[PDB]
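Residue numbers (the authors' numbering), protein chains in the order written: chain B, 1 to 41, 44 to 52, 52A, 53 to 82, 82A to 82C, 83 to 96, 101 to 126, 135 to 154, 156 to 157, 162 to 169, 171 to 180, 182 to 200, 203, 205 to 225; chain P, 656 to 671; chain A, 0 to 30, 30A to 30F, 31 to 213.
Each residue gets a CB set at the ideal place from its N, CA and C atoms; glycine is no exception.
Data block below; observations after.
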Amino acid sequence: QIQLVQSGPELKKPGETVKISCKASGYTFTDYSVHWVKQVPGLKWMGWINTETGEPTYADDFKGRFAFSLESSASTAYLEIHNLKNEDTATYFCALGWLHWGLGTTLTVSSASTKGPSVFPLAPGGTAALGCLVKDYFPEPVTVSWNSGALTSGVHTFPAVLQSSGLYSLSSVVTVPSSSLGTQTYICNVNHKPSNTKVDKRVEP
Amino acid sequence: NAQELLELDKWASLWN
Amino acid sequence: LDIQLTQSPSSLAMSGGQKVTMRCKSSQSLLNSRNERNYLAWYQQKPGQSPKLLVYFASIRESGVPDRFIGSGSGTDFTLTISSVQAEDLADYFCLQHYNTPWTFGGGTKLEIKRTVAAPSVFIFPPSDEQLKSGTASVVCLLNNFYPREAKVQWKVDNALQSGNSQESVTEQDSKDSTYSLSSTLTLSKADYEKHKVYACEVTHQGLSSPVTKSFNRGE
Ligand code: NA
């Protein structure tokens, strides 16, 4: 019955403004406060907005660059963050007090523009490890498989890190028998849709 | 009653 | 003064069917004398998902939430109990006080699957020749399938400690063997890379009797 629908993921450059919407349904919008919470991979309360008067109240750490607003006839609350900084990269949630949370909106702040990955080999007891370094792409996500999905056992695709450069990188690795090195091909399949990049990298000793 | 009181408290705690 | 909330334990390794207990301690009473409710709520949060309300007013289970979840306490001390914990309950859990603003969250309890100690299998990868053309070198150290999560990975360059220029990433706990895997990536300019001969990552872990070092010499 109660629903809070947030806008989609945002990609922003430093100094820009982002505007995130929270569309409420299933109850009387103007009777109950909407709160905003920031989460970086714990939770931090940003403040609340009075949905009747429109008056915002900001937590101490969110006092200059942050603005809560309403479009009351649309039962919608807005969060604006101005002069974006790298520390603003996070997931933002609206909430009907403690009762119900929105699905959240992710925000990534980076100087980068769309960019395809470079894919480099991570070249190889009787256990060998091998992999692919998927470097310097933007934005998320990439997908990686091995031998077109035929190789799944022992595969670890690490979560991407947003590097100092503002570009993502990750590695995907797999362990295999040392004796398979001469008798089998290992190819990583990397897809990055935003740049139409598809790379199949053969990894050899 | 208890049920009505719980609803009252619940929603009052969420008020502007 | 701001209400502080202390949540423990920060991590708990469970076995299906066990009783799980986590606690929330507040710096000020959360009991509203006007309605005799405690303004504390408990939430469950799975990776990449939003928090879901489990218990509100400290001890009232949210409708639809399984009866294995139980909140208790009053004033400054609260607990969330999972009476017979299930694999589907693997998640982060946290408390929230909404007695006064600013609202404050406990630091969370992360539930994981307990298993026997497992030493990582360690591998080191030189940068590819192709990458070096770019003017950057990535050196990667892999710690494969270990438990528990705690591990120390120390880079060394020409046999000296190198504590800068590296970043770690860890996988989610494995669905089949309940281990973790970790990468540590050392990023250097081509110039800084070619100034040294020896690259090594030394791994300390509870499952290893002494630290293991994997290394290579440029040119072998
Ligand atoms: Na984003």
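inquiry  = Could you compute how far the alpha carbon of residue 162 of chain B sits from the alpha carbon of residue 205 of chain B?
reply    = Taking the first sequence and counting its residues from 1, one reaches residue 162 of chain B at position 147. Taking the first sequence and counting its residues from 1, one reaches residue 205 of chain B at position 185. When rounded, the distance between both Cα atoms is 8 angstroms.
Q) Does any residue of chain B bring its CB to less than 8 angstroms from the CB of residue 96 of chain A? A) Here residue 96 of chain A refers to the residue found at position 103 of the third sequence. Taking Cβ atoms only, chain B reaches closer than 8 angstroms to residue 96 of chain A, which makes this a yes.
Short CB-CB distance (under 8 angstroms) between residue 663 of chain P and chain B:
On the second sequence, residue 663 of chain P is found 8 positions in, with the first residue counted as 1. Output row for residue 663 of chain P: interface = no.
Hey, does residue 101 of chain B have any beta-carbon neighbour from chain P nearer than 8 angstroms?
As a position in the first sequence, residue 101 of chain B is number 99, starting the count at 1. So, interface residue.
Task: Sequence-distant residues of the same chain with beta carbon closer than 7 angstroms to residue 114 of chain B, five excluded per side - done: Along the first sequence, one-based indexing puts residue 114 of chain B at 112. So the qualifying residues of the chain are 148, 183 and 184.
Applying the 10 Å Cβ sphere with the 16-neighbour rule, what's the burial state of residue 40 of chain A? Indexing the third sequence from 1 puts residue 40 of chain A at position 47. Per the 10 Å Cβ criterion, exposed.
Q. Nearest-angstrom Cα distance between residue 110 of chain B and residue 190 of chain B?
A. By one-based count along the first sequence, residue 110 of chain B stands at place 108. By one-based count along the first sequence, residue 190 of chain B stands at place 173. Taking the straight line joining both Cα atoms gives about 26 angstroms.
In chain order, what are the residue ranges of uninterrupted alpha helix (DSSP H) at least 4 long that sit wholly in the region 164 to 198 of chain A? 183 to 187
Legend entry - Runs of beta strand (DSSP E) lying entirely within the region 5 to 32 of chain B, each at least 3 residues, in chain order: 10 to 12 and 18 to 25
Between which two residues does the beta strand (DSSP E) harbouring residue 94 of chain B extend? Numbered from 1 along the first sequence, position 96 holds the residue referred to as residue 94 of chain B. Taken as a continuous stretch (DSSP letters only), the beta strand (DSSP E) holding residue 94 of chain B covers 88 to 94.
**OP:** Reducing DSSP to helix, strand and coil, say where residue 214 of chain B ends up.
**Re:** Taking the first sequence and counting its residues from 1, one reaches residue 214 of chain B at position 194. In this structure, residue 214 of chain B counts as helix in the three-state DSSP scheme.
- request: Kindly indicate if chain B contains any beta-carbon less than 8 angstroms away from that of residue 660 of chain P.
  value: If you number the second sequence from 1, residue 660 of chain P lands on position 5. By this cut-off, residue 660 of chain P is not an interface position.
- request: Identify every residue that forms a DSSP beta bridge with residue 670 of chain P.
  value: Sequence index remark: in the second sequence, residue 670 of chain P carries index 15 (1-based). Answer is B:32.
Start and end residues, beta strand (DSSP E) containing residue 155 of chain A
Along the third sequence, read from residue 1 onward, the residue named residue 155 of chain A stands at position 162. It spans 153 to 155 - the beta strand (DSSP E) in which residue 155 of chain A sits, taken as one unbroken run.
Worksheet item: If we call anything under 8 angstroms between Cβ atoms a contact, is residue 119 of chain B one with residue 217 of chain B?
Response: Taking the first sequence and counting its residues from 1, one reaches residue 119 of chain B at position 117. Taking the first sequence and counting its residues from 1, one reaches residue 217 of chain B at position 197. Contact: yes.
Comparing the CB of residue 116 of chain B with every heavy atom of the ligand NA, is any distance shorter than 7 angstroms?
Locating residue 116 of chain B in the first sequence gives position 114, where the first residue counts as 1. Checking every heavy atom of the ligand NA against the Cβ of residue 116 of chain B, none is found closer than 7 angstroms.
* Asked: When you compare each of B:62, B:28, B:186 and B:61 to residue 210 of chain B by their alpha carbons, which one comes out closest?
  -> Mapped onto the first sequence, residue 210 of chain B falls at position 190. Comparing Cα-Cα distances from residue 210 of chain B to each of B:62, B:28, B:186 and B:61, the minimum goes to B:186.
With a threshold of 7 angstroms on Cβ separation, who are the neighbours of residue 233 of chain A within its own chain once the five nearest residues in sequence on each side are excluded? In the structure as shown, chain A starts at 0 and stops at 213, and residue 233 of chain A therefore has no counterpart that could be examined.
Note down, in chain order, every chain A residue with its Cβ under 9 angstroms from the Cβ of residue 188 of chain B. Position 171 of the first sequence, counting from 1, holds the residue named residue 188 of chain B. Near residue 188 of chain B (Cβ distances below 9 angstroms), the residues of chain A are 118, 131, 133, 135, 162, 176 and 178.
When the cut-off is 8 angstroms and only beta carbons count, does residue 671 of chain P lie next to chain B?
The residue given as residue 671 of chain P occupies position 16 in the second sequence. Yes - at least one Cβ of chain B is within 8 angstroms of the one on residue 671 of chain P.
| message | Rounded to the nearest angstrom, what separates residue 9 of chain A and residue 201 of chain A at their Cα positions? | response | Within the third sequence, the letter at position 10 stands for residue 9 of chain A. Within the third sequence, the letter at position 208 stands for residue 201 of chain A. So the alpha carbons of these two residues sit roughly 25 angstroms apart.
Taking the alpha-carbon of residue 147 of chain A as reference, which of A:127, A:207 and A:47 has the nearest alpha-carbon? Within the third sequence, numbered from 1, the residue matching residue 147 of chain A stands at position 154. Closest option to residue 147 of chain A, Cα to Cα, is A:207.
Name, please, each residue of chain P whose Cβ falls closer than 9 angstroms to the Cβ of residue 32 of chain A. Locating residue 32 of chain A in the third sequence gives position 39, counting from the first residue. Ordered by position in chain P, the residues that pass the 9 angstroms Cβ test against residue 32 of chain A are 668.
### Message
Which residue marks the beginning of the beta strand (DSSP E) containing residue 65 of chain A, and which one marks its end?
### Response
Start at 1 with the first residue of the third sequence, and residue 65 of chain A comes out as number 72. 62 to 67 is the span of the beta strand (DSSP E), which, as asked, contains residue 65 of chain A.
**Report entry** Nearest candidate by alpha-carbon position, reference residue 10 of chain B, set B:4, B:21 and B:3
**Finding:** On the first sequence, position 10 is the one that residue 10 of chain B refers to. Closest by alpha carbon: B:21.
* Measure the CB-CB distance between residue 30B of chain A and residue 22 of chain A and report whether it falls below 8 angstroms. => Counted from its first residue, the third sequence places residue 30B of chain A at position 33. Counted from its first residue, the third sequence places residue 22 of chain A at position 23. It is not a contact, given that the beta carbons lie outside the stated cut-off.
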